[PDB]
Amino acid sequence: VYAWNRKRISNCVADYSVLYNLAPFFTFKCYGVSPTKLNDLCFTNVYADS
Amino acid sequence: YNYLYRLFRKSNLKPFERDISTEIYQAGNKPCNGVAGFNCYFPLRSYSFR
Amino acid sequence: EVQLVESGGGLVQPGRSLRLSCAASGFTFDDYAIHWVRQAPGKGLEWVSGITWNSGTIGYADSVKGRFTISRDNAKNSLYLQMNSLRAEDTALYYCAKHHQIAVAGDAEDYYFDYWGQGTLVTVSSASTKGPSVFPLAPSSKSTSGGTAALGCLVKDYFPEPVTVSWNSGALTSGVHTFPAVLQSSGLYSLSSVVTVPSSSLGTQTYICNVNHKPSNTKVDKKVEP
Amino acid sequence: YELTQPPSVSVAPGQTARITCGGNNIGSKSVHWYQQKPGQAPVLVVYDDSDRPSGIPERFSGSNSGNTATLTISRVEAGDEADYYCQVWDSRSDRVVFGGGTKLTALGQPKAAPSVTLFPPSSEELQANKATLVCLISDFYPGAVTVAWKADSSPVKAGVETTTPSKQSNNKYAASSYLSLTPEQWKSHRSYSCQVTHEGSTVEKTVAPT
């Protein structure tokens, strides 16, 4: 949890729909955004911390 | 629980519209019908006052 | 091409901790797995640990759990290994190996090494570090053949063996016979080398034998004379 | 897991060798191979028994059949003497199980006469007491050599010696000898010299009696 990877994404087209295809019992809580309006705002860099 | 903020709503409020609503949401192609499915649940995100 | 620079290693007391580092150079440090695998002198190898392309631990052995901690840094492009509670059975050459496959998302767990390094001698004992003693071996005037004369160094009195010798600046990779060390029943070792040393007519090397010793860092620049 | 490997396999440089690695139920998991030269860095050879890395000739090959992975080397030469290791994954324990490598030695190579070398004590050490006389030997194929010291023209072996074993250097054996039990007045008389007794003929070398 202290040594987390930080992936840097580049110019591409992200499909935020495969996130809910895995096994059930998973949370999708957002902060400041919404899943239905996620594909409306334009972002420069998205960083994933696992 | 007194302070109730509704999340993303498909029926955009027209000027001066009373929006009393507390039922479950509908995430398009998902049989939510009351239970908490993905992207459909109680939109009442209670904004806490710390 | 691939330059896996390994740093960290020396003589430490049993029970202390240390940090080894492996820095990559030549490829992208975001799509390759890197492992640490020790090698006992003349007693085979032994895998210690490893990390995949991302920040992820793959596992350890049955005798290194709880004592070692491996970490990855994609910002600095370096794999670090913290070792704690070292014992007498931890004296080996820790090698930093890479991986051949790109480690795609959906595949089978099968990791194998593709590139190797040099390793760092990490000895764990109760002895102390000793300072080397370079001596200008006399190039005697026994001249029968063309290159029968030879001179070398007489480095001795050193417990660790980070033997790295250079003549002028790290060149002259010609035929040189660097004799290995030997424990003279006292823990110390001895180093010696033999060069071609042609007929000295002011057209030979500067007669300099620089030996680098990390636990006993001391820049010795003594010349050799007949 | 636990792999069983032969301790040492020797073969003449006319045919192929047999380096086998077997286990309990290793019939489907991948098996890789590595070749480490003595002193240098290891290199990759034919792995997975179905492909070879870039640079490895067709001489190397691998074959798995049930519970035995064989590494076949074609036309073994003198420069192929190294330590061969076999690696398996063993996903049941999440480890990397290695094993005792086999030292492939091409039997039937020509002999090599070792040359003895004498380095007298340096000039800027007589004021101190170091006593680090050294007698070196050149490269030679037939190992297991005993370096006999002739101190003051007499066999003196009671002093502190080293007797280092023959190491590896460009497919050759070499060692050294250290015996300076003298009171540091080595320039006494009778031509303190060095000898080396190999299998067959022996070599000797003397220095100036001063």
# chains A, B, ... in the order shown; residues from 1 in each chain; ligands from 1
>>> interface_residues(of="chain C", to="chain D", cutoff="9 Å", atoms="only C-alpha atoms", output="PyMOL selection string")
chain C and resi 43-49+58-62+109-118+135-140+150-152+154+156+177-185+192+225-226
>>> residues_around(residues="residue 1 (chain A)", least_positions_apart="6", cutoff="12 Å", atoms="only C-alpha atoms", output="NGL selection string")
(:A and (49-50)) or (:C and (55-57 or 71))
>>> residues_around(residues="residue 10 (chain A)", least_positions_apart="6", cutoff="10 Å", atoms="only C-alpha atoms", output="PyMOL selection string")
chain A and resi 44-46
>>> residues_around(residues="residue 21 (chain B)", least_positions_apart="2", cutoff="12 Å", atoms="only C-alpha atoms", output="ChimeraX atom specification")
/B:4-7,9,11,17-19,23-25,42-44
>>> residues_around(residues="residue 2 (chain B)", least_positions_apart="3", cutoff="12 Å", atoms="only C-alpha atoms", output="PDB file with C-alpha atoms, in the first residue's frame")
ATOM      1  CA  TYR B   5     -28.222  15.952  -2.171  1.00  0.00           C
ATOM      2  CA  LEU B  44     -29.245  10.915  -1.921  1.00  0.00           C
ATOM      3  CA  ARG B  45     -25.571  11.700  -1.263  1.00  0.00           C
ATOM      4  CA  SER B  46     -25.868  13.305   2.162  1.00  0.00           C
ATOM      5  CA  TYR B  47     -23.317  16.125   2.296  1.00  0.00           C
ATOM      6  CA  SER B  48     -21.821  15.822   5.776  1.00  0.00           C
ATOM      7  CA  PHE B  49     -21.057  18.922   7.852  1.00  0.00           C
TER       8      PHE B  49
END
>>> select_by_dssp(residues="region 33-219 of chain C", states="strand (DSSP E)", output="PyMOL selection string")
chain C and resi 34-39+45-51+68-73+78-84+92-97+120-124+164-166+177-179+192-194+210-212
>>> atom_distance(atom1="CA of residue 29 (chain A)", atom2="CA of residue 40 (chain B)")
11.6 Å
>>> residues_around(residues="residue 119 (chain C)", least_positions_apart="5", cutoff="7 Å", atoms="only C-alpha atoms", output="JSON, numbers by chain")
{"C": [6, 93, 94, 95]}
>>> interface_residues(of="chain A", to="chain B", cutoff="8 Å", atoms="only C-alpha atoms", output="JSON, numbers by chain")
{"A": [20, 28, 34, 35, 36]}
>>> write_last_selection(atoms="N, CA, C and O atoms", output="PDB file, in the first residue's frame")
ATOM      1  N   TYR A  20     -16.913  -2.330 -14.907  1.00  0.00           N
ATOM      2  CA  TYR A  20     -17.946  -3.100 -14.227  1.00  0.00           C
ATOM      3  C   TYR A  20     -18.223  -4.436 -14.909  1.00  0.00           C
ATOM      4  O   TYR A  20     -19.363  -4.912 -14.903  1.00  0.00           O
ATOM      5  N   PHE A  28     -17.957   1.621  -6.664  1.00  0.00           N
ATOM      6  CA  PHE A  28     -17.714   2.557  -7.755  1.00  0.00           C
ATOM      7  C   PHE A  28     -17.884   3.998  -7.287  1.00  0.00           C
ATOM      8  O   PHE A  28     -18.335   4.855  -8.054  1.00  0.00           O
ATOM      9  N   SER A  34     -18.997  11.951 -11.947  1.00  0.00           N
ATOM     10  CA  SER A  34     -20.078  10.980 -11.987  1.00  0.00           C
ATOM     11  C   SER A  34     -19.812   9.990 -13.110  1.00  0.00           C
ATOM     12  O   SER A  34     -19.266  10.365 -14.155  1.00  0.00           O
ATOM     13  N   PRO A  35     -20.186   8.720 -12.925  1.00  0.00           N
ATOM     14  CA  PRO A  35     -19.898   7.723 -13.967  1.00  0.00           C
ATOM     15  C   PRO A  35     -20.670   7.949 -15.255  1.00  0.00           C
ATOM     16  O   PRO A  35     -20.147   7.645 -16.334  1.00  0.00           O
ATOM     17  N   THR A  36     -21.896   8.471 -15.180  1.00  0.00           N
ATOM     18  CA  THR A  36     -22.679   8.696 -16.389  1.00  0.00           C
ATOM     19  C   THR A  36     -22.197   9.913 -17.167  1.00  0.00           C
ATOM     20  O   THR A  36     -22.331   9.948 -18.396  1.00  0.00           O
TER      21      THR A  36
END
